[PDB]
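Engineer: Opening piece of the complex, as it sits:
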Amino acid sequence: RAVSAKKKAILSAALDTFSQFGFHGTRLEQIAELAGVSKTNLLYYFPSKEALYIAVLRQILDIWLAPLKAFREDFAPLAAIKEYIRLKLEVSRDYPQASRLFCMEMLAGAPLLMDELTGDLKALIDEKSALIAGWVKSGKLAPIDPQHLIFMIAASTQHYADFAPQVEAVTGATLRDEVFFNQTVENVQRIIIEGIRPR
């Protein structure tokens, strides 16, 4: 539908522009241009830059939360962990803009995202941490702290998007190279699962 196509285009154009230039650096003229709509039209859907930035971040949180649902009581623990890693790397491959802007927002103190971090994201991480604790407690995983394990996977998988140019300077590849994508998944899993001490 026309109305929804427009606002889908505004949100997507805004994500690209805000991650490229930051909040303060971004102007609404640009987002409108890229979305192929008038400014008054953009203002109709989103009555200020701050309103639109917020909607964008809410969309990014959703993208961000989704992978954690790989932590299910019905998956074998290592399959869950492998899937969480894979899903997170898919985010870095497919939504690097989102990953980047999320990074930029966190670096600024999370001035607009603090509420979400103390709410749903925390709730979800506490929930999955408890689940992993039970896998540890029952001997299906080695004795490790679940919060540190989740942060490590998050940090490691996100790095490939956020710092893709640095990774490319060193490796000669990005996650858009499917061989590099496969190697990356394989190595992050292999390191976290098997460890680097020989078995």
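Structural biologist: Yep, that arrived. Residues are numbered from 1 along each chain as shown, chains lettered A, B, ... in the order given.
Engineer: Domain-wise, how is chain A divided?
Structural biologist: Here the domain parsing of chain A from curated CATH domains is A:1-56, A:57-199.
Engineer: need those domains in a markdown table with mean neighbour count, can you?
Structural biologist: Quick note: C-beta positions are derived from backbone N, CA and C, even for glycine. Below are the domains of chain A laid out as a markdown table (neighbours: other CB atoms under 10 Å):
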| stretch | mean neighbour count |
| --- | --- |
| domain A:1-56 | 16 |
| domain A:57-199 | 16 |
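Engineer: so how far is residue A:119 from residue A:197?
Structural biologist: Going from residue A:197 to residue A:119 by CB to CB, to the nearest Å gives 39 Å.
Engineer: can you tell me how far residue A:55 sits from residue A:7?
Structural biologist: Distance from residue A:55 to residue A:7, by CB to CB: 9 Å.
Engineer: can you give me the helices in chain A?
Structural biologist: A:2-25, A:28-35, A:39-45, A:49-65, A:77-94, A:96-107, A:114-116, A:122-137, A:146-162, A:164-171, A:178-194 (DSSP state H).
Engineer: who wins for proximity to residue A:71 among the ones you listed?
Structural biologist: When those are compared by CB to CB, helix A:122-137 sits nearest residue A:71, at 4.1 Å.
Engineer: The closest one vs helix A:49-65, what angle?
Structural biologist: 20 degrees (axes from the mean of the first three to the mean of the last three CA atoms, to 10 degrees).
Engineer: and helix A:122-137, what does it pack onto?
Structural biologist: With contacts taken as 3 or more CB pairs under 8 Å, 6 or more residues apart in numbering; DSSP states H and E, helix A:122-137 sits against helix A:146-162.
Engineer: Just the endpoints, please. Distance across stretch A:166-177?
Structural biologist: Stretch A:166-177 has an end-to-end distance of 15 Å (criterion: CA to CA, to the nearest Å).
Engineer: And the contacts of it?
Structural biologist: Residues from elsewhere that reach stretch A:166-177, judged by CB atoms under 8 Å, 6 or more residues apart in numbering: A:89, A:92-93, A:96, A:159-161, A:164, A:179-181, A:184.
Engineer: Chain B should join the structure above:
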Amino acid sequence: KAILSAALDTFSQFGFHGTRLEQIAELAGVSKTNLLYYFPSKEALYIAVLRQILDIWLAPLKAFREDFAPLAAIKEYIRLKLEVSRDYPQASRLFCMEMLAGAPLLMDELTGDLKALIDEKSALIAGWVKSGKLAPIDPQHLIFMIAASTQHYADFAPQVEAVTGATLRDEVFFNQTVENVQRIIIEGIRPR
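Structural biologist: Alright, chain B goes in next:
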């Protein structure tokens, strides 16, 4: 050195564009014309600050030495990187932001020095792998993973604190953090 330290604190608090030289001078306890004699513009002083932070950043990779046992080297690299996140979180953040979104001249310089040292230490780890002293893993991925994981405490501090209620300035949380990053990377989570 007062101008450099004051500038680090201010640039990391307010960003490049947000920072004014008045403030740095104030905090350093010098006049502005004086600051301008040492550093001819805000950009010149910002660059010197980032170069100092790069040095702080590179130092931990020197824990990769041919004369360390491979796992001791890896443990020391992890520890040194967490010390940076504990002692220089502002710098870590300022650095991270500059690498994300800084001007390409400074960004080019910084990535080139990192690469150089990472190629060198990667080659060393490759040999530890090739000789069976480590499991078959890619050295570049291993270095990136440790860098990303240790830096996360500082760069994504607001999220870590929201979840944990702690920071690395709590020495018990610092010790827990070092032991877990090492335990996960070294031993893996699959039981042995």
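Engineer: once more on the contacts of stretch A:166-177, this time with chain B?
Structural biologist: A:89, A:92-93, A:96, A:159-161, A:164, A:179-181, A:184, B:99, B:111-112, B:114-115, B:118-119, B:122, B:140, B:144 (CB atoms under 8 Å, 6 or more residues apart in numbering or on different chains).
Engineer: State which one residue of chain A is found closest to chain B.
Structural biologist: When scored by CB to the nearest CB, chain A has residue A:195 as its residue closest to chain B, at 2.8 Å.
Engineer: The nearest residue to that residue once chain neighbours are set aside: neighbour count?
Structural biologist: Using CB to CB, 6 or more residues apart in numbering or on different chains and skipping the chain neighbours, the partner closest in space to residue A:195 is residue B:188 (2.8 Å). Neighbourhood size, residue B:188 [other CB atoms under 10 Å in any protein chain shown]: 22.
Engineer: Let me see the contact set for the most centrally placed residue in chain A.
Structural biologist: For chain A, residue A:64 is the residue whose C-alpha lies nearest the centre (CA atoms, centre = their mean; 4.0 Å). By CB under 8 Å, 6+ apart, the residues touching residue A:64 are A:91, A:98, A:102, A:121.
Engineer: Please give me every residue in contact with residue A:60.
Structural biologist: Counted by CB under 8 Å, 6+ apart, residue A:60 has contacts A:15, A:95, A:98, A:101-102.
Engineer: Please repeat the previous calculation with a cut-off of 7 Å.
Structural biologist: For residue A:60, the contact set (CB atoms under 7 Å, 6 or more residues apart in numbering or on different chains) comprises A:98, A:101-102.
Engineer: and what of residue A:196?
Structural biologist: Taking CB under 7 Å, 6+ apart as the test, what residue A:196 contacts is B:74, B:134-135, B:137, B:142, B:185-186.
Engineer: repeat that with 6 Å
Structural biologist: B:134-135, B:137 (CB atoms under 6 Å, 6 or more residues apart in numbering or on different chains).
Engineer: How about residue A:155?
Structural biologist: Neighbour list for residue A:155: B:148-149, B:152 [criterion: CB under 6 Å, 6+ apart].
Engineer: got the phi/psi numbers for residue A:27?
Structural biologist: phi -120, psi 150 (degrees, to the nearest 10).
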